[PDB]
file query_32.pdb (PDB, C-alpha atoms)
ATOM      1  CA  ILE A   1       0.000   0.000   0.000  1.00  0.00           C
ATOM      2  CA  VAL A   2       2.639   2.508   1.089  1.00  0.00           C
ATOM      3  CA  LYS A   3       4.850   2.085  -1.971  1.00  0.00           C
ATOM      4  CA  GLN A   4       2.513   1.317  -4.876  1.00  0.00           C
ATOM      5  CA  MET A   5      -0.701   3.046  -3.906  1.00  0.00           C
ATOM      6  CA  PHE A   6       0.267   6.292  -2.148  1.00  0.00           C
ATOM      7  CA  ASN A   7       2.114   8.184  -4.846  1.00  0.00           C
ATOM      8  CA  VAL A   8       1.553  11.939  -4.622  1.00  0.00           C
ATOM      9  CA  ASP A   9       1.597  14.263  -7.645  1.00  0.00           C
ATOM     10  CA  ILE A  10      -0.052  17.629  -6.990  1.00  0.00           C
ATOM     11  CA  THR A  11       0.670  21.145  -8.231  1.00  0.00           C
ATOM     12  CA  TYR A  12       0.225  24.309  -6.170  1.00  0.00           C
ATOM     13  CA  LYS A  13       0.279  27.986  -7.129  1.00  0.00           C
ATOM     14  CA  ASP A  14       1.209  30.968  -4.953  1.00  0.00           C
ATOM     15  CA  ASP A  15      10.792  35.302  -9.164  1.00  0.00           C
ATOM     16  CA  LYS A  16       7.492  36.655 -10.459  1.00  0.00           C
ATOM     17  CA  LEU A  17       7.926  34.217 -13.368  1.00  0.00           C
ATOM     18  CA  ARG A  18       7.130  31.278 -11.059  1.00  0.00           C
ATOM     19  CA  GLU A  19       3.479  30.267 -11.425  1.00  0.00           C
ATOM     20  CA  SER A  20       3.233  26.808  -9.840  1.00  0.00           C
ATOM     21  CA  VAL A  21       5.182  24.136  -7.969  1.00  0.00           C
ATOM     22  CA  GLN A  22       4.629  20.452  -8.731  1.00  0.00           C
ATOM     23  CA  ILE A  23       5.164  18.323  -5.617  1.00  0.00           C
ATOM     24  CA  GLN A  24       5.948  14.681  -6.380  1.00  0.00           C
ATOM     25  CA  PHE A  25       7.119  12.150  -3.820  1.00  0.00           C
ATOM     26  CA  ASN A  26       6.851   8.419  -3.224  1.00  0.00           C
ATOM     27  CA  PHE A  27       7.843   6.127  -0.368  1.00  0.00           C
ATOM     28  CA  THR A  28      10.125   3.174  -0.959  1.00  0.00           C
ATOM     29  CA  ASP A  29      10.839   1.990   2.554  1.00  0.00           C
ATOM     30  CA  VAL A  30       8.368   0.770   5.162  1.00  0.00           C
ATOM     31  CA  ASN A  31       8.883  -1.760   7.937  1.00  0.00           C
ATOM     32  CA  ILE A  32       6.957  -2.352  11.152  1.00  0.00           C
ATOM     33  CA  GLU A  33       9.165  -3.421  14.060  1.00  0.00           C
ATOM     34  CA  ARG A  34       7.959  -4.821  17.367  1.00  0.00           C
ATOM     35  CA  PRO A  35       6.465  -2.586  20.081  1.00  0.00           C
ATOM     36  CA  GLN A  36       8.941  -0.506  22.055  1.00  0.00           C
ATOM     37  CA  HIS A  37       8.804   1.453  25.296  1.00  0.00           C
ATOM     38  CA  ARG A  38      11.225   4.129  26.481  1.00  0.00           C
ATOM     39  CA  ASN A  39      12.091   3.316  30.075  1.00  0.00           C
ATOM     40  CA  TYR A  40      13.404   6.579  31.578  1.00  0.00           C
ATOM     41  CA  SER A  41      12.843   8.951  28.639  1.00  0.00           C
ATOM     42  CA  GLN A  42      16.564   8.986  27.786  1.00  0.00           C
ATOM     43  CA  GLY A  43      16.620   5.211  27.259  1.00  0.00           C
ATOM     44  CA  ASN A  44      17.412   3.331  24.072  1.00  0.00           C
ATOM     45  CA  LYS A  45      13.755   2.181  23.961  1.00  0.00           C
ATOM     46  CA  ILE A  46      13.141  -1.410  25.069  1.00  0.00           C
ATOM     47  CA  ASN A  47      10.795  -4.272  24.283  1.00  0.00           C
ATOM     48  CA  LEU A  48       7.188  -3.790  25.388  1.00  0.00           C
ATOM     49  CA  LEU A  49       5.773  -7.085  26.590  1.00  0.00           C
ATOM     50  CA  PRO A  50       1.983  -7.396  26.196  1.00  0.00           C
ATOM     51  CA  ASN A  51       1.213  -7.531  29.919  1.00  0.00           C
ATOM     52  CA  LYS A  52       3.118  -4.287  30.475  1.00  0.00           C
ATOM     53  CA  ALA A  53       0.893  -2.644  27.867  1.00  0.00           C
ATOM     54  CA  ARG A  54      -2.254  -4.129  29.397  1.00  0.00           C
ATOM     55  CA  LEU A  55      -1.380  -2.986  32.911  1.00  0.00           C
ATOM     56  CA  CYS A  56      -0.124   0.502  32.017  1.00  0.00           C
ATOM     57  CA  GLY A  57      -2.823   1.143  29.423  1.00  0.00           C
ATOM     58  CA  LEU A  58      -0.211   1.436  26.687  1.00  0.00           C
ATOM     59  CA  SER A  59      -1.046   0.388  23.148  1.00  0.00           C
ATOM     60  CA  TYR A  60       0.687  -2.707  21.773  1.00  0.00           C
ATOM     61  CA  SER A  61       1.910  -0.778  18.742  1.00  0.00           C
ATOM     62  CA  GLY A  62       5.128  -1.233  16.813  1.00  0.00           C
ATOM     63  CA  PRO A  63       6.760   1.786  15.193  1.00  0.00           C
ATOM     64  CA  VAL A  64       6.562   2.271  11.430  1.00  0.00           C
ATOM     65  CA  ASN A  65       9.737   3.481   9.718  1.00  0.00           C
ATOM     66  CA  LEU A  66       9.413   5.308   6.402  1.00  0.00           C
ATOM     67  CA  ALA A  67      11.723   6.640   3.698  1.00  0.00           C
ATOM     68  CA  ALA A  68      10.701   8.568   0.598  1.00  0.00           C
ATOM     69  CA  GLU A  69      12.069  10.050  -2.608  1.00  0.00           C
ATOM     70  CA  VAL A  70      10.816  13.581  -3.247  1.00  0.00           C
ATOM     71  CA  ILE A  71      10.708  15.615  -6.461  1.00  0.00           C
ATOM     72  CA  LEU A  72       9.903  19.314  -6.075  1.00  0.00           C
ATOM     73  CA  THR A  73       9.549  20.676  -9.609  1.00  0.00           C
ATOM     74  CA  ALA A  74       8.695  24.325 -10.250  1.00  0.00           C
ATOM     75  CA  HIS A  75       7.105  25.402 -13.524  1.00  0.00           C
ATOM     76  CA  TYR A  76       7.751  29.023 -14.477  1.00  0.00           C
ATOM     77  CA  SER A  77       6.022  31.281 -16.952  1.00  0.00           C
ATOM     78  CA  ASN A  78       6.706  30.648 -20.663  1.00  0.00           C
ATOM     79  CA  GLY A  79       7.498  27.016 -19.854  1.00  0.00           C
ATOM     80  CA  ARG A  80      10.783  27.221 -17.940  1.00  0.00           C
ATOM     81  CA  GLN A  81      11.151  24.324 -15.525  1.00  0.00           C
ATOM     82  CA  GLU A  82      13.416  23.470 -12.587  1.00  0.00           C
ATOM     83  CA  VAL A  83      13.578  20.234 -10.588  1.00  0.00           C
ATOM     84  CA  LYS A  84      14.656  19.900  -6.954  1.00  0.00           C
ATOM     85  CA  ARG A  85      15.191  16.343  -5.723  1.00  0.00           C
ATOM     86  CA  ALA A  86      16.108  14.854  -2.353  1.00  0.00           C
ATOM     87  CA  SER A  87      16.681  11.359  -0.970  1.00  0.00           C
ATOM     88  CA  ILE A  88      14.979  11.385   2.420  1.00  0.00           C
ATOM     89  CA  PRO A  89      16.455   9.071   5.087  1.00  0.00           C
ATOM     90  CA  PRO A  90      14.359   6.447   6.902  1.00  0.00           C
ATOM     91  CA  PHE A  91      12.409   8.217   9.649  1.00  0.00           C
ATOM     92  CA  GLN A  92       9.623   7.069  11.971  1.00  0.00           C
TER      93      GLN A  92
ATOM     94  CA  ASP B   1      13.957  10.056  37.969  1.00  0.00           C
ATOM     95  CA  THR B   2      14.083   7.106  40.355  1.00  0.00           C
ATOM     96  CA  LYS B   3      10.391   6.931  41.312  1.00  0.00           C
ATOM     97  CA  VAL B   4       8.962   6.576  37.800  1.00  0.00           C
ATOM     98  CA  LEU B   5      11.778   4.189  36.881  1.00  0.00           C
ATOM     99  CA  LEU B   6      10.989   2.056  39.924  1.00  0.00           C
ATOM    100  CA  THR B   7       7.311   1.917  38.979  1.00  0.00           C
ATOM    101  CA  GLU B   8       7.981   1.080  35.331  1.00  0.00           C
ATOM    102  CA  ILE B   9      10.609  -1.576  36.055  1.00  0.00           C
ATOM    103  CA  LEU B  10       8.567  -3.168  38.852  1.00  0.00           C
ATOM    104  CA  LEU B  11       5.679  -3.444  36.409  1.00  0.00           C
ATOM    105  CA  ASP B  12       7.575  -5.111  33.536  1.00  0.00           C
ATOM    106  CA  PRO B  13       6.917  -8.850  33.155  1.00  0.00           C
ATOM    107  CA  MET B  14      10.678  -9.196  32.685  1.00  0.00           C
ATOM    108  CA  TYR B  15      11.283  -7.953  36.227  1.00  0.00           C
ATOM    109  CA  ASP B  16       8.910 -10.573  37.614  1.00  0.00           C
ATOM    110  CA  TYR B  17      10.556 -13.347  35.594  1.00  0.00           C
ATOM    111  CA  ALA B  18      14.100 -12.378  36.580  1.00  0.00           C
ATOM    112  CA  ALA B  19      13.110 -11.894  40.227  1.00  0.00           C
ATOM    113  CA  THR B  20      11.440 -15.298  40.419  1.00  0.00           C
ATOM    114  CA  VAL B  21      14.464 -16.956  38.808  1.00  0.00           C
ATOM    115  CA  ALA B  22      16.624 -15.195  41.405  1.00  0.00           C
ATOM    116  CA  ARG B  23      14.310 -16.479  44.140  1.00  0.00           C
ATOM    117  CA  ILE B  24      14.683 -19.996  42.736  1.00  0.00           C
ATOM    118  CA  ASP B  25      18.481 -19.687  42.894  1.00  0.00           C
ATOM    119  CA  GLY B  26      18.284 -18.103  46.352  1.00  0.00           C
ATOM    120  CA  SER B  27      19.886 -14.757  45.544  1.00  0.00           C
ATOM    121  CA  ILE B  28      16.925 -12.551  46.491  1.00  0.00           C
ATOM    122  CA  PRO B  29      14.635 -13.263  49.468  1.00  0.00           C
ATOM    123  CA  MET B  30      11.356 -14.984  48.720  1.00  0.00           C
ATOM    124  CA  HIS B  31       9.642 -12.179  50.572  1.00  0.00           C
ATOM    125  CA  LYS B  32       8.574  -9.254  48.434  1.00  0.00           C
ATOM    126  CA  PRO B  33      10.581  -6.203  49.535  1.00  0.00           C
ATOM    127  CA  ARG B  34       9.055  -5.273  52.874  1.00  0.00           C
ATOM    128  CA  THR B  35      10.845  -1.939  53.341  1.00  0.00           C
ATOM    129  CA  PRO B  36      12.725   0.216  50.831  1.00  0.00           C
ATOM    130  CA  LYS B  37      16.306  -0.830  51.605  1.00  0.00           C
ATOM    131  CA  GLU B  38      15.652  -4.422  50.631  1.00  0.00           C
ATOM    132  CA  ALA B  39      13.869  -3.122  47.533  1.00  0.00           C
ATOM    133  CA  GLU B  40      17.186  -1.633  46.421  1.00  0.00           C
ATOM    134  CA  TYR B  41      18.777  -5.043  47.004  1.00  0.00           C
ATOM    135  CA  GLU B  42      16.144  -6.769  44.877  1.00  0.00           C
ATOM    136  CA  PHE B  43      16.506  -4.195  42.091  1.00  0.00           C
ATOM    137  CA  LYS B  44      20.302  -4.483  42.113  1.00  0.00           C
ATOM    138  CA  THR B  45      20.230  -8.281  42.007  1.00  0.00           C
ATOM    139  CA  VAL B  46      17.475  -8.575  39.393  1.00  0.00           C
ATOM    140  CA  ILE B  47      18.561  -5.893  36.933  1.00  0.00           C
ATOM    141  CA  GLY B  48      22.304  -5.643  37.714  1.00  0.00           C
ATOM    142  CA  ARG B  49      22.546  -1.906  38.392  1.00  0.00           C
ATOM    143  CA  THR B  50      21.228   0.420  41.049  1.00  0.00           C
ATOM    144  CA  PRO B  51      18.457   2.645  39.620  1.00  0.00           C
ATOM    145  CA  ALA B  52      20.775   5.661  39.603  1.00  0.00           C
ATOM    146  CA  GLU B  53      23.273   3.588  37.622  1.00  0.00           C
ATOM    147  CA  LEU B  54      20.460   2.611  35.243  1.00  0.00           C
ATOM    148  CA  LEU B  55      19.635   6.279  34.660  1.00  0.00           C
ATOM    149  CA  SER B  56      23.327   7.133  34.255  1.00  0.00           C
ATOM    150  CA  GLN B  57      24.064   4.890  31.277  1.00  0.00           C
ATOM    151  CA  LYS B  58      22.109   3.667  28.251  1.00  0.00           C
ATOM    152  CA  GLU B  59      22.490  -0.126  28.074  1.00  0.00           C
ATOM    153  CA  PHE B  60      20.077  -1.944  30.361  1.00  0.00           C
ATOM    154  CA  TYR B  61      18.979  -5.334  28.981  1.00  0.00           C
ATOM    155  CA  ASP B  62      22.186  -7.337  29.539  1.00  0.00           C
ATOM    156  CA  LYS B  63      23.205  -7.216  33.225  1.00  0.00           C
ATOM    157  CA  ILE B  64      19.840  -8.728  34.191  1.00  0.00           C
ATOM    158  CA  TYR B  65      20.054 -11.610  36.644  1.00  0.00           C
ATOM    159  CA  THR B  66      21.208 -14.844  35.013  1.00  0.00           C
ATOM    160  CA  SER B  67      20.564 -18.276  36.493  1.00  0.00           C
ATOM    161  CA  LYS B  68      23.254 -19.315  38.971  1.00  0.00           C
ATOM    162  CA  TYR B  69      23.135 -22.993  38.051  1.00  0.00           C
ATOM    163  CA  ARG B  70      24.193 -22.928  34.381  1.00  0.00           C
ATOM    164  CA  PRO B  71      22.189 -26.126  33.743  1.00  0.00           C
ATOM    165  CA  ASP B  72      23.455 -28.644  31.227  1.00  0.00           C
ATOM    166  CA  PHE B  73      20.871 -27.975  28.516  1.00  0.00           C
ATOM    167  CA  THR B  74      21.755 -31.196  26.714  1.00  0.00           C
TER     168      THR B  74
END

call {"tool": "encode", "arguments": {"input": "query_32.pdb", "output": "structure tokens"}}
result
Amino acid sequence: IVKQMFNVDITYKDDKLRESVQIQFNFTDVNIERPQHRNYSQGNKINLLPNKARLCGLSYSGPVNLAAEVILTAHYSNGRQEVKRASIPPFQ
Amino acid sequence: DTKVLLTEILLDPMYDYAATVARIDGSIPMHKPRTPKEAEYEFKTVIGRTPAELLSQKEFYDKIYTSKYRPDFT
């Protein structure tokens, strides 16, 4: 779903030769690791056993890590075009 | 600081498992800490560090109590 289905290609309009900006990005990285809990805030985050979640009211949720490729392309007046591209590191 | 850490650690299933294995091997008393002073002893034996030492550093899952029998798993 994340990779194939959620591709974004929209164009928005707001140096006076610039009329619109075409935002294009797509995710190619997604993994769901096991639930984690941060013990004393400054911890390395540790495994969250189900009973700990049940007793503390925490949600047995594993973090989702994402990484995307982004293409910011600006279309100017009279057809001049510039492309800004970035490789975005895996975040969560 | 130490209070929230004590609550969180006391509530982990891992703490219960390590403490009961320590009780089996007779390192911690089979009472449940009656007065804070023995609670520090139980924490130190079960987890491996005093709570202040746990807060000091950032590597907590290894010094947990290990069985003092080293059974021949063969």

call {"tool": "residues_around", "arguments": {"input": "query_32.pdb", "residues": "range 59-66 of chain A", "least_positions_apart": "5", "cutoff": "8 Å", "atoms": "all atoms listed in the file", "output": "VMD selection string"}}
result
chain A and resid 27 to 36 48 50 53 to 54 90 to 92

call {"tool": "residues_near_point", "arguments": {"input": "query_32.pdb", "point": "(18.5, -3.1, 36.6)", "cutoff": "12 Å", "atoms": "all atoms listed in the file", "output": "MDAnalysis selection string"}}
result
(chainID A and resid 39) or (chainID B and resid 2 5:6 8:10 12 14:15 18:19 39:65)

call {"tool": "atom_distance", "arguments": {"input": "query_32.pdb", "atom1": "CA of residue 31 in chain B", "atom2": "CA of residue 7 in chain B"}}
result
18.4 Å

call {"tool": "atom_distance", "arguments": {"input": "query_32.pdb", "atom1": "CA of residue 17 in chain A", "atom2": "CA of residue 71 in chain A"}}
result
20.0 Å

call {"tool": "interface_residues", "arguments": {"input": "query_32.pdb", "of": "chain A", "to": "chain B", "cutoff": "9 Å", "atoms": "all atoms listed in the file", "output": "MDAnalysis selection string"}}
result
chainID A and resid 39:40 42:44 46 48:52 55:56

call {"tool": "resolve_selection", "arguments": {"input": "query_32.pdb", "expression": "the PyMOL selection byres ((chain A and resi 84) around 6)", "output": "ChimeraX atom specification"}}
result
/A:71-73,83,85

call {"tool": "resolve_selection", "arguments": {"input": "query_32.pdb", "expression": "the PyMOL selection byres ((chain A and resi 6-15) around 10)", "output": "ChimeraX atom specification"}}
result
/A:1-5,16-27,70-77

call {"tool": "axis_aligned_box", "arguments": {"input": "query_32.pdb", "around": "range 31-41 of chain B", "padding_each_side": "8 Å", "output": "lines of an AutoDock Vina configuration file"}}
result
center_x = 13.7
center_y = -6.0
center_z = 49.9
size_x = 26.2
size_y = 28.4
size_z = 22.9

call {"tool": "atom_distance", "arguments": {"input": "query_32.pdb", "atom1": "CA of residue 74 in chain B", "atom2": "CA of residue 26 in chain B"}}
result
23.9 Å

call {"tool": "decode", "arguments": {"input": "query_32.pdb", "residues": "range 11-36 of chain B", "atoms": "C-alpha atoms", "output": "PDB file, in the first residue's frame"}}
result
ATOM      1  CA  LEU B  11       5.679  -3.444  36.409  1.00  0.00           C
ATOM      2  CA  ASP B  12       7.575  -5.111  33.536  1.00  0.00           C
ATOM      3  CA  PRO B  13       6.917  -8.850  33.155  1.00  0.00           C
ATOM      4  CA  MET B  14      10.678  -9.196  32.685  1.00  0.00           C
ATOM      5  CA  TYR B  15      11.283  -7.953  36.227  1.00  0.00           C
ATOM      6  CA  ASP B  16       8.910 -10.573  37.614  1.00  0.00           C
ATOM      7  CA  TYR B  17      10.556 -13.347  35.594  1.00  0.00           C
ATOM      8  CA  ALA B  18      14.100 -12.378  36.580  1.00  0.00           C
ATOM      9  CA  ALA B  19      13.110 -11.894  40.227  1.00  0.00           C
ATOM     10  CA  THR B  20      11.440 -15.298  40.419  1.00  0.00           C
ATOM     11  CA  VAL B  21      14.464 -16.956  38.808  1.00  0.00           C
ATOM     12  CA  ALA B  22      16.624 -15.195  41.405  1.00  0.00           C
ATOM     13  CA  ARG B  23      14.310 -16.479  44.140  1.00  0.00           C
ATOM     14  CA  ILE B  24      14.683 -19.996  42.736  1.00  0.00           C
ATOM     15  CA  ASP B  25      18.481 -19.687  42.894  1.00  0.00           C
ATOM     16  CA  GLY B  26      18.284 -18.103  46.352  1.00  0.00           C
ATOM     17  CA  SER B  27      19.886 -14.757  45.544  1.00  0.00           C
ATOM     18  CA  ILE B  28      16.925 -12.551  46.491  1.00  0.00           C
ATOM     19  CA  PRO B  29      14.635 -13.263  49.468  1.00  0.00           C
ATOM     20  CA  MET B  30      11.356 -14.984  48.720  1.00  0.00           C
ATOM     21  CA  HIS B  31       9.642 -12.179  50.572  1.00  0.00           C
ATOM     22  CA  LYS B  32       8.574  -9.254  48.434  1.00  0.00           C
ATOM     23  CA  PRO B  33      10.581  -6.203  49.535  1.00  0.00           C
ATOM     24  CA  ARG B  34       9.055  -5.273  52.874  1.00  0.00           C
ATOM     25  CA  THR B  35      10.845  -1.939  53.341  1.00  0.00           C
ATOM     26  CA  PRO B  36      12.725   0.216  50.831  1.00  0.00           C
TER      27      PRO B  36
END
